[PDB]
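Data block below; observations after.
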């Protein structure tokens, strides 16, 4: 796979994934327990002509 | 001012200036001497909400 | 069972990629995976970890296949493992036949590595003559009455309580054979073999997606949840091939 | 000399909260204020 | 700022200390105005220079 | 990299190690192909857990080791004919790979 | 023969930044042409249920 950008010197891509489901019952608030989908981004750089 | 950007977090604007106007002798080389142009950027960051 | 994403408004403002669809897909996938793992762990555990009870009387046997030779951790070999998996599979057919149940469909569940062993046992180097498996993009095919799926996520899947794996769980794979009088421990697992009609799944309220807007944080959030119960019935149609110690 | 960079500009939104049997109105913006061309900005102070 | 001027020594920063002035010594209402005016003159000069 | 897999337990790259000893202890060349086949199956396995589409995988070798793979297969000795094709040594695939 | 006064569109100069380590250096690293998701995993059931 190849991609084409114009102008800017470096092209950054973002990567992300995975959750965990949960159990709640009749009378407990949801907001108490939650895990954010941790997302990390990876950067590519142009070397020269 | 009041210039407005969408999407991204922070905006930078570059600055540059001045030249020494040249007196070119006849049948003689300009290519040898250029001052060039001085280049500098300045960036502003936004605080949330 | 719940799925949850809460996205701030300021972070959505300066982000330059929509990320909604990806989050929804992520949620659906999460719920599904939980559902699957819960079932696998259910059949293995609840039918090879219980003591003194086999449903009805003489209705079933609940057999569990031990591995030939010394402890497999000692064999530390690629191929030969394949031999043992083949033998074990023959024996499995022997049990599931010894206790009636139609010849088809049935099935087999191993982990990808053991599947690789099964694949390696029938190769040009060893042994002789053509085989059921095709070399190159090896799909195997069948071992008598089995489909050999080779799923990547065996163990766990019980879900429960906190988002972190450790804590209250509804279905579990114990850590050892000695500890709790259980035999199909987490380390001890090559394959599980069930007929089908050998595990129950009960569905009410199905699964649904809905989003809500919460003014207090300026942030709106998608939620996707569902409710259903998993259980096991008829252990004669269930067994498991297991490491030895 | 100095400029303000604004995103989302300024708007206002009205939401209903049921538990207090009342609604609340809320308006926000999001801006950043930087300072540039510092040579062309001076000030007058007294001190000895 | 501290040395951090901008775009080399080509262009220069500005500041006006008020002359022979202590706020406690001033507050004359008349002297103050005079002083702010003079400071303003030097201010315009400095600004125009760059 | 000493450590580091991006996005913890997103995934973690695998480098299949060789069974047997150093090159000085190999280079018979008939055995190298054996080792490449085994390592290739194990690689298909290492890649298969962790997901990634079954379609479109690709393998990069070099002339030497390719001829070695050509040496593991062949009459003597590799039993039933299988994948490889003589008259040029073009390999169809192995486990879901182009070569 | 190498030519000086190249212009150096990117590079900072400034009054004080000194160092002059690297060049370009200044610019922007921008990409929005592609978002990268975690690999989709399927489910082995229902079917065999």
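Ideal geometry is used to build each Cβ from the backbone, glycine not excepted, and the neighbour counts take in all protein chains shown. A short reminder: the numbers here are calculations on the coordinates, not readings from a lab.
Across the identical copies, the label point of residue B:42 (7 Å from Cα in the Cβ direction) is separated from its matches by 3.9 nm, in order from shortest. Structure remark: mean-square fluctuation, Gaussian network model of chain C, C-alpha springs under 10 Å; the largest value among C:68, C:166, C:155 belongs to C:166. Pairs of Cα atoms nearer than 8 Å and 6+ residues apart set the relative contact order; for chain D it is 45 percent. State the antiparallel share, in %, of DSSP beta bridges confined to the protein assembly as shown, rounding to the nearest 5. Within the protein assembly as shown, antiparallel bridges account for around 85 percent of the total. Calculated on the alpha-carbon coordinates, the convex hull of chain A measures out at 128 cubic angstrom per residue. Each of residue A:43 and residue B:16 was given a label point 7 Å from its Cα along the Cα-to-Cβ line. The distance between the two points is 2.3 nm. Rounded to the nearest 0.05, the FRET efficiency derived from the C-beta distance between residue D:16 and residue F:50 at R0 = 35 Å is 0.15.
Under the simplified labelling scheme, the residue C:141-residue D:4 pair shows an inter-label distance of 7.6 nm, with each label point 7 Å from Cα along Cα→Cβ. Between 0 and 90 degrees, the angle of helix F:63-72 with respect to the longest Cα principal axis of chain F falls at about 70 degrees.
Calculated mean residue ellipticity, 222 nm, the protein assembly as shown: -6500 deg cm²/dmol, from DSSP H runs (n ≥ 4) at -39500 (n - 2.57) each, averaged per residue and rounded to 500. Normalised by the number of residues in chain F, the mean separation of alpha-carbon contacts (under 8 Å, six or more apart) gives a relative contact order of 28 percent. Chain B comes nearest to the axis taking it onto chain A at the Cβ of one residue; that residue and its distance, in whole Å, are B:8, 6.
Per residue, the convex hull spanned by the Cα atoms of the protein assembly as shown measures out at 297 cubic angstrom. When only alpha carbons are used to place a centre, segment C:94-136 and chain E end up 90 Å from one another. Per residue, the convex hull around the alpha carbon atoms of segment C:166-210 comes to 176 Å³.
P(r) tail, chain C: Cα-Cα pairs separated by more than 22 Å, 62% of all pairs.
The mean count of C-beta atoms from other chains within 10 Å of the C-beta of residues in C:191-202, rounded to a whole number, is 1.
How big is the gap, in Å, between the Cα center of segment B:11-42 and the Cα center of segment C:151-218? Segment B:11-42 and segment C:151-218 have Cα centres separated by 69 Å.
Mean partner shielding of peptide C:207-217, defined as the number of other chain Cβ atoms within 10 Å of each residue Cβ, is 2. The residue F:60 and residue C:181 beta-carbon pair, evaluated with R₀ = 45 Å, returns a calculated FRET efficiency of approximately 0.30. Take every Cα pair under 8 Å in segment C:124-245 that's 6+ residues apart, average their separations, divide by the length, and report that relative contact order as a whole percent. Worked out over segment C:124-245, it gives 19 percent.
Scaling against 2.2 N^0.38 Å puts the C-alpha radius of gyration of chain F at 1.23.
Based on alpha-carbon atoms, the Kirkwood radius and the radius of gyration of chain G give Rg/Rh equal to 1.51.
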